[PDB]
Amino acid sequence: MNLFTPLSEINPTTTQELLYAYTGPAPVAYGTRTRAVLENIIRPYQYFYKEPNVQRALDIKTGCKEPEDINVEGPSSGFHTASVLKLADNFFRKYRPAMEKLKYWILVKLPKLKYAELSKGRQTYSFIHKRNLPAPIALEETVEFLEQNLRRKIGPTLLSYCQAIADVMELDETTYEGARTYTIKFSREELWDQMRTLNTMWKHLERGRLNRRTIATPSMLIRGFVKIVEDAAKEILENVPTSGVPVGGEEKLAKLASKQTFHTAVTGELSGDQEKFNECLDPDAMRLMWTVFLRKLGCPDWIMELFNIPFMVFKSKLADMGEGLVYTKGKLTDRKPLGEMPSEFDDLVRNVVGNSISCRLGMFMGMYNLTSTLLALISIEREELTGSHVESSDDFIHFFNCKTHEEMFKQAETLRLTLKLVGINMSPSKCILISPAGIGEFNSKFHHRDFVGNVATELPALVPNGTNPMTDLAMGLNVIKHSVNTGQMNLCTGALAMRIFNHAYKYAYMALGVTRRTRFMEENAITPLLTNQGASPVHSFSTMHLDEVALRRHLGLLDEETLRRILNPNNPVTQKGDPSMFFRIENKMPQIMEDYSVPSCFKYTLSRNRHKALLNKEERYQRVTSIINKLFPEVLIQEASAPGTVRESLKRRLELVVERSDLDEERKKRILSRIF
Amino acid sequence: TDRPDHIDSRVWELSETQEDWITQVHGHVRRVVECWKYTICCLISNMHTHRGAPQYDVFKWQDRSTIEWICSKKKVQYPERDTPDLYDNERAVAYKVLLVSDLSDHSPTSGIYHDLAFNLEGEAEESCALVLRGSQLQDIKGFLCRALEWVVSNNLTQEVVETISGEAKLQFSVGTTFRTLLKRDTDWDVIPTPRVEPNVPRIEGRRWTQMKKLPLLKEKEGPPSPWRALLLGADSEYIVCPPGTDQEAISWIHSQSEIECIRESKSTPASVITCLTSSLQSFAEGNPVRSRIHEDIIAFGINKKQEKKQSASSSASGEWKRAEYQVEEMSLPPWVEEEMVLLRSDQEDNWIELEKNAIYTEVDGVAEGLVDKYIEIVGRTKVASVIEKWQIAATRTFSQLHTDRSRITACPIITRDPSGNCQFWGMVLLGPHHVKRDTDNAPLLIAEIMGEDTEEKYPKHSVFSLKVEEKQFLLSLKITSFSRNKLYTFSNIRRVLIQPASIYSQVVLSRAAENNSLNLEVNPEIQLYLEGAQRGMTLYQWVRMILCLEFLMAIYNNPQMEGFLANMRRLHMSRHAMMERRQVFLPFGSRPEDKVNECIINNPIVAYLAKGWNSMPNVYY
RNA sequence: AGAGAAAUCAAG
RNA sequence: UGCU
RNA sequence: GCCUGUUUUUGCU
RNA sequence: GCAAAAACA
């Protein structure tokens, strides 16, 4: 490590890039997640009391603890109710513009939120198939479930979706009918359990940690509810100085620099992490903070109930245990459930619900990053704390401007205690304070005189993407360009990355050495003329943003005769399977439908080489969307608002298109005759 | 903002404080409807005069004091609950603007004021139509039609209809049994109402100490770590084959090869040399994929799972217990320093042949000159040749993956010097790989040329003696299984050159910027703690050994390395602060070294970095 | 065997 | 069956 | 196998 | 809007 600590030319902050083993393999998880899941379940109960008493903590519903019960020498699970109330009141009294924006979002933006925003998620636990499915599939099957159990249509808004979710909870028996045909039954208790179930699963390819961690995913019955509170929290956090989570990239760096003002006699800079986050935060604290925010805003009761649903559902969460703890007799390996034979998690047997285990304390999952940020920020607002604080989720940086060292130490301890009041524990081994400010870290961004560039955080993106030569070259060069713009890579590193990417990109498409492609080009006398074909690079450091074909045409490296062939919109290589519609600006017929191909012959598609009914349903939706887009050019620019159902709307639109086609009347009649 | 386009800005800002819109159902739509009513009131009194005074007096959105003052002057009184929107001087009677969904079957609402009812399409009821003039009717109809177009554009028809009707749902509600389900795991109801008075209590905390001395990393005790990597590293060599294709080189090697075992390891039986010889013979013919033989089972561990499970079942005795997995601790091997020293040895070739980018501007020339300087100062080095070997081997092993083969594939590792001669580093044998995931292992038989043999460094290698053209070489021939993801990652190992290039470029460009002139030939002196003492050392050799250490770190990347490097950044920052006469203060139970020491188990380069940290000073004055 | 690290691959 |  | 949030790059509808 | 990739928490 002595080679990474220069003393003369550059400082170790600039060499922090060297403390990265990237371009080496990323660690993976192999076996059962049961031990990790059970450890995350048991940790909140171990931290509620100063002396770990798990058995006495499992009977606690709301984790609220007296100020004398708050552990100061270790992690503390739970919150102080009076502290939460007073700190939320203080945070509301200050930052009034943020609360005005919250009221604006509630009145205006919230009613316009659509439940189709839930489709943006990744793999989602499905309460119907008991598996992990893509968010569109789970959303659509949940919508069908609500429609066929409530015997009504669900409105496009997210409020209607949440109301339908709440209404289904009132039924005694619910059923799901879906094509394979098959029918599944849900009681109120069964569907409640599926609502409050989080599907646990390993986190693979994660760098920077010795021990593998477990990630979880909720069902669509609660993702919608979490969406409202997350959007409201984002709206509040965008308008408060002390937040750092909703901003990112260069804007986050600018916000950090706006607070790096060290003018007093003693100017510290505390940068640290919060230990055991996502499991020392009781959801009831977030409930109380949101309730205070809505009360002081004059909001009605229904919005309060809506905001309080998700945190109660997470108070009743059911974490999915893995496929069993590993047991061995000799050199055997057997996987057994929690309660079969004694282990270190015997105290949690009473919480077992089938293959899932309950946990009333903590969050167990980062589903409330913005709300946890708000909970952290409300505790900052108090008279003793006069410094500048930035908190994203559990990574924070604090700047002190104090007259004396003792005052700074008192402020730092007050910061620690006020964080502990709401269930947030500073990691003692990860929090470091520098008494003269100027050196710090936040979100792995180290600054000494300015935020130094961090090479090797851009190396994993330097591999060709693998779509097609044009897209791969374009996006690789633009990633390098963004790295150069942000200051991560300078002239030399940028050019070297360009050369390495170009060499790997030419290798990946059989453009180096003697390959089948090169042999075919050689025996048929086909000069490359393109980077992916083995020609010399046309792109330079200053021309990263320029397209290859246009630059080659401008420089004369690609003659017009070959351009007439490469950019043919009728080439068989990229020909589409169906005709497409085209605009015609200032023409008698403004829309023409004809067969089309992607202009570039090198934008081909690589064959991938290997809930089915729902996929056919997606295909039907795609067909309907395609015909709607063809017949309604204006929904491509603005939202769809035509009245009636799809069939009648497109029927009248097709008619009106016909009477403006400028043909003979009888020809229009014969065209209309065959319309279904 | 939230103002609809058809709503005038003055009307919108006047409506802000008229009603508490947050508590009303569809507060935004309610405000829009009230703005519609006020605009209709404005349009009715469209600059009409009577006896030198406005014909209509508008009561809507006016302070109650003025309303009572002017109503008293007009000998009219109205109750607080309902007040007419406007008053007409002609045909003296109070009027109120009403919006209704249906114009038919409508009756007057109150006997104290008249109703000017309108529908959402801009039409007016008969008495309202006859009271007002045609111009007022047209203005009101046009404004209401613009409002209707705004409504249908924003898909707010249902909300507007419900608002106009007068009654609407709370837009969200929680039933009874759902509330009971929700309140199961909490001590508060849906909208919590704790009885405790808000307060921030004072809690006795602790005192923040000071990191007067830098932490000391724990050095583990145990046997020295063996070389646990895919390939040999600095002990890699090659045979200079005559120019030709891969098939010619393999034929030339095999036809003149004399293999004799000189050191056999129990991990890799010496009998699997026949696998390599058969693979070489098959590749020399033009058929890289060959059929299985008897010793392929031993070489690639074919079916080992069944015999292992049968032995486990036969030897199964006792009582079931928990797993309690353990990781053996190992000390820093002596060969890490030797690897670092030998990796810096100069070569006769450049070993980094990257095609230059185009040059159009002067900035392009500067960048390419910097890249060329870096390449020439790190190219002629053993580490560059080892990186090239790793690249070739990883890519040629990864390209024959992705299929379900029951046969044996041979993957030669051959490079070519800038004279046409082939350089045979070794050969990778890929066995039966029924691979389905990205983490499942694929059996391999890594055979490659070794420069020097060491029992403690390579305990699992069976070293052979290779006799080709009156020359003596060594052969490693280790049995390993290696995953798809790691092979893909090592297929792009050439990216490791960026970080030492980053250091070199930052030094050169900082020197250029301070004196406001580029040099491109600066080789300054870097002060470092080499043997516990600060001594000067040139930039070029510093970049060379930075590249060597970065490469050695990349091929030995594991969870231990990841955690160690993640947790040494705090200590690196603390040391950089301490070298600038800055004090470092810590919380009560702050031991930043524990989260590093937990990651120091058996990784030789983690131990090397830990020893490098320990050697250099920990107290700064 | 081996890869590997808090338990998986090395077949069904 | 050929990336310095 | 492949969560949540923020930011970034590219391509296609 | 969708899809792919990357970084951070």
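Residues in the stretch B:542-576 that are of a type in the set (S, T, N, Q) and more than 7 Å from chain A (Cβ to nearest Cβ): B:567 alone.
Within the stretch A:590-622, being surrounded by 11 or more Cβ atoms within 10 Å (Cβ to Cβ) and among the hydroxyl-bearing types (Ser, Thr, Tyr) holds for A:596, A:597, A:600, A:604, A:621.
Listed here are the residues, each with its yes/no results for (1) touching a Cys at 6+ places or on another chain (Cβ under 7 Å); (2) within 16 Å of RNA strand F (Cβ to nearest atom); (3) within 14 Å of chain B (Cβ to nearest Cβ).
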| position | (1), (2), (3) |
| --- | --- |
| A:607 | no, yes, yes |
| A:610 | no, no, yes |
| A:625 | no, yes, no |
| A:628 | no, yes, no |
| A:637 | no, yes, yes |
| A:654 | no, no, no |
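Pull out all pairs, ordered by first then second residue, where Cβ-Cβ is under 6 Å, the residues are six or more apart or on different chains, the first lies in the stretch A:317-336 and is within 15 Å of residue A:201 (Cβ to Cβ) and more than 7 Å from every other protein chain (Cβ to nearest Cβ), and the second is surrounded by fewer than 17 Cβ atoms within 10 Å (Cβ to Cβ) and among the hydrophobic types (A, V, I, L, M, F, W, C). Qualifying pairs under 6 Å: A:318/A:353.
Which residues, taken from the stretch B:448-467, are outside any loop (DSSP other than H, G, I, E, B) and either more than 19 Å from residue B:280 (Cα to Cα) or in contact with a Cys (Cβ under 9 Å, 6 or more places away or on another chain) (or both)? Of everything in the stretch B:448-467, those that are outside any loop (DSSP other than H, G, I, E, B) and either more than 19 Å from residue B:280 (Cα to Cα) or in contact with a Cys (Cβ under 9 Å, 6 or more places away or on another chain) (or both) turn out to be B:463, B:464, B:465.
Only one of the listed residues (A:409, A:396) is within 10 Å of chain B (Cβ to nearest Cβ) and either over 25 Å from the mean Cα position of the chain (by Cα) or part of a strand (DSSP E or B) (or both). That residue is A:409. Consider the stretch A:9-35 and keep the residues that are among the polar types (S, T, N, Q) and not in a loop (DSSP other than H, G, I, E, B). The one that is farthest from RNA strand D (Cβ to nearest atom) is A:34.
Being in contact with a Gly (Cβ under 6 Å, 6 or more places away or on another chain) and more than 11 Å from chain B (Cβ to nearest Cβ), is that true of even one residue in the stretch A:167-174? Within the stretch A:167-174, none of the residues are in contact with a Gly (Cβ under 6 Å, 6 or more places away or on another chain) and more than 11 Å from chain B (Cβ to nearest Cβ).
The single residue among B:255, B:291, B:279 that is more than 16 Å from RNA strand F (Cβ to nearest atom), small (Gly, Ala, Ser) and closer than 25 Å to residue B:227 by Cβ turns out to be B:279. Scanning the stretch B:577-612 for residues that are facing chain A (nearest Cβ under 7 Å) and over 24 Å from residue A:275 (Cβ atoms) yields B:582, B:609, B:612. The set of residues from the stretch A:473-507 being outside any helix (DSSP H, G or I) and either within 8 Å of chain B (Cβ to nearest Cβ) or crowded, with 22+ Cβ neighbours inside 10 Å (or both) comprises A:489, A:490. Does residue B:408 qualify as being within 13 Å of chain A (Cβ to nearest Cβ), among the aliphatic types (A, V, I, L, M) and away from RNA strand E (no atom under 16 Å from the Cβ)? Against the criterion (within 13 Å of chain A (Cβ to nearest Cβ), among the aliphatic types (A, V, I, L, M) and away from RNA strand E (no atom under 16 Å from the Cβ)), residue B:408 does not qualify.
Checking each residue in the stretch B:562-591 for being outside any helix (DSSP H, G or I) and not β-branched (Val, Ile, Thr) picks out B:579, B:580, B:581, B:582, B:583, B:585, B:586, B:587, B:588, B:589, B:590, B:591.
Counting just the residues of the stretch A:41-67 that are polar (S, T, N, Q) and assigned to a loop (DSSP other than H, G, I, E, B), which one comes out nearest to residue A:326 (Cα to Cα)? Checking each candidate, the answer is A:53.
Condition check ((1) of a type in the set (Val, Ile, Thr); (2) in a loop (DSSP other than H, G, I, E, B); (3) surrounded by fewer than 10 Cβ atoms within 10 Å (Cβ to Cβ)) across all residues:
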| site | (1), (2), (3) |
| --- | --- |
| A:558 | no, yes, no |
| A:562 | yes, no, no |
| A:571 | no, yes, no |
| A:588 | no, yes, yes |
| A:628 | yes, no, no |
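Table: residues versus (1) assigned to a helix (DSSP H, G or I); (2) more than 13 Å from chain B (Cβ to nearest Cβ).
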| residue | (1), (2) |
| --- | --- |
| A:206 | no, no |
| A:240 | no, yes |
| A:255 | yes, yes |
| A:272 | no, no |
| A:280 | no, yes |
| A:298 | no, no |
| A:305 | yes, no |
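When residue A:38 is tested against (1) in a loop (DSSP other than H, G, I, E, B); (2) more than 22 Å from residue A:378 (Cβ to Cβ); (3) away from RNA strand F (no atom under 16 Å from the Cβ), just one condition goes unmet, and that condition is (1).
Within the stretch A:460-472, restricting attention to residues that are of a type outside the set (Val, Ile, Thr) and more than 8 Å from RNA strand F (Cβ to nearest atom), the residue that is nearest to the other protein chains (Cβ to nearest Cβ) is A:462. The residues listed here are A:412, A:437, A:456, A:461; of these, the one that is farther than 17 Å from residue B:569 by Cβ, of a type in the set (A, V, I, L, M) and in contact with a helix residue (DSSP H, G or I) (Cβ under 8 Å, 6 or more places away or on another chain) is A:461. Within the stretch B:468-477, the set of residues being crowded, with 22+ Cβ neighbours inside 10 Å and either within 39 Å of the chain's Cα centre (by Cα) or in a loop (DSSP other than H, G, I, E, B) (or both) comprises B:476, B:477. Among the residues of the stretch A:74-114, the ones that are within 22 Å of residue A:216 (Cβ to Cβ) and more than 13 Å from every other protein chain (Cβ to nearest Cβ) come to 1 in all. Contact annotation: residue pairs with Cβ atoms under 7 Å, 6 or more positions apart or on different chains, pairing a residue in the stretch B:356-369 that is under 14 Å from residue B:509 (Cα atoms) and within 7 Å of chain A (Cβ to nearest Cβ) with a partner that is assigned to a loop (DSSP other than H, G, I, E, B) and of a type in the set (A, V, I, L, M, F, W, C), are B:363/A:541; B:366/B:518; B:367/A:541; B:368/B:359. Considering only residues of the stretch B:418-449 that are away from RNA strand C (no atom under 16 Å from the Cβ) and aliphatic (A, V, I, L, M), which is farthest from the other protein chains (Cβ to nearest Cβ)? It comes out as B:449.
Residue B:141 versus (1) part of a helix (DSSP H, G or I); (2) over 30 Å from residue A:167 (Cα atoms); (3) out of contact with any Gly (no Cβ under 9 Å at 6 or more places or on another chain): which is the lone unmet condition? Checking residue B:141 against (1) part of a helix (DSSP H, G or I); (2) over 30 Å from residue A:167 (Cα atoms); (3) out of contact with any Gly (no Cβ under 9 Å at 6 or more places or on another chain), the one that fails is (3).
Looking across the stretch A:113-135, the residues that are out of contact with any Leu (no Cβ under 9 Å at 6 or more places or on another chain) and either more than 12 Å from RNA strand F (Cβ to nearest atom) or outside any loop (DSSP other than H, G, I, E, B) (or both) come down to A:120, A:128, A:129, A:130, A:131, A:132. Looking at (1) part of a helix (DSSP H, G or I); (2) under 23 Å from residue A:493 (Cα atoms); (3) touching a helix residue (DSSP H, G or I) at 6+ places or on another chain (Cβ under 8 Å), which is the one condition that is false for residue B:518? Answer for residue B:518: the failing condition is (1). Of the helices (runs of 4 or more DSSP H) that lie entirely inside the stretch B:291-402, those containing 2 or more residues that are surrounded by 14 or more Cβ atoms within 10 Å (Cβ to Cβ) span B:296-300, B:335-343, B:362-378, B:382-399.
All Cβ positions, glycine included, derive from the backbone under ideal geometry; neighbour counts span all protein chains shown. Readers should treat all values here as calculations from the given coordinates under stated rules, not as data from a laboratory.
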